[PDB]
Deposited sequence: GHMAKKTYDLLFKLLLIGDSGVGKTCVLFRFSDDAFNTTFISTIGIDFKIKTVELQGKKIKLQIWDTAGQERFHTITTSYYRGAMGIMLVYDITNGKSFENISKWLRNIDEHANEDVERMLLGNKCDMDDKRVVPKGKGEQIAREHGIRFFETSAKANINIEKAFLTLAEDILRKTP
């Protein structure tokens, strides 16, 4: 393979992380909520730009107990995506807190992408596209694991922002 990119997902417990990763890693979705414990990661080899990229996507467990040790894996993060579910409530209250942590612990040049997940959950949609998308314009940076939409392109985008930092 040609290169190796190491991404990390950060978020609160109940927003979609292990399911966004699972929909991309294996093109699937499952309803049961199995809380992630500590840390995990999966490997996905992709064929962007003829450069064969190996992805190492790290999955965080966003459960207050763990917030010590998961900090550990921040420095190595090259690219990041932060978990936002359209229907989820006051998971935004803590965004600054996580972003504090990235400023506090990650490498300075780490990329940051923000996702809207579960966008099939329109009925309980609490948060417009631009509700947070204006925040996205604020820092210069939607998907459904259930319906598997814009998930693949979401990750390949982060590959874009990293591999362009390469040259």
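Missing from the model relative to the deposited sequence are positions 1-7, 149-151 (no C-alpha coordinates, numbering from 1).
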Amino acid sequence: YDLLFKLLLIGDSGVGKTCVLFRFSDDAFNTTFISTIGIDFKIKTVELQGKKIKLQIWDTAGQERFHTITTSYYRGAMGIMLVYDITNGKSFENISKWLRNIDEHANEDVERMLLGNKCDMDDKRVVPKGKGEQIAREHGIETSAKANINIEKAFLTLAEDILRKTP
From here on, numbers count along this sequence of modelled residues.
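Mean CA temperature factor is higher for 62-70 when stretches 62-70 and 34-42 are set side by side in the entry. Between 145-153 and 14-22, the higher mean Cα B-factor belongs to 145-153. Each of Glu138, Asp109, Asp27, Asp103 has a CA temperature factor in the record; the biggest one is found at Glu138. In this PDB entry, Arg125 carries a Cα temperature factor that places it within the middle third of its chain's modelled residues. Looking at the C-alpha B-factors along this chain, the one for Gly79 belongs to the middle third. When the modelled residues of the chain are ordered by C-alpha B-factor, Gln49 sits in the middle third. In the PDB entry, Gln134 places in the highest third of its chain by CA B-factor. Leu114: CA B factor in the middle third of modelled residues in this chain (values from the PDB entry).
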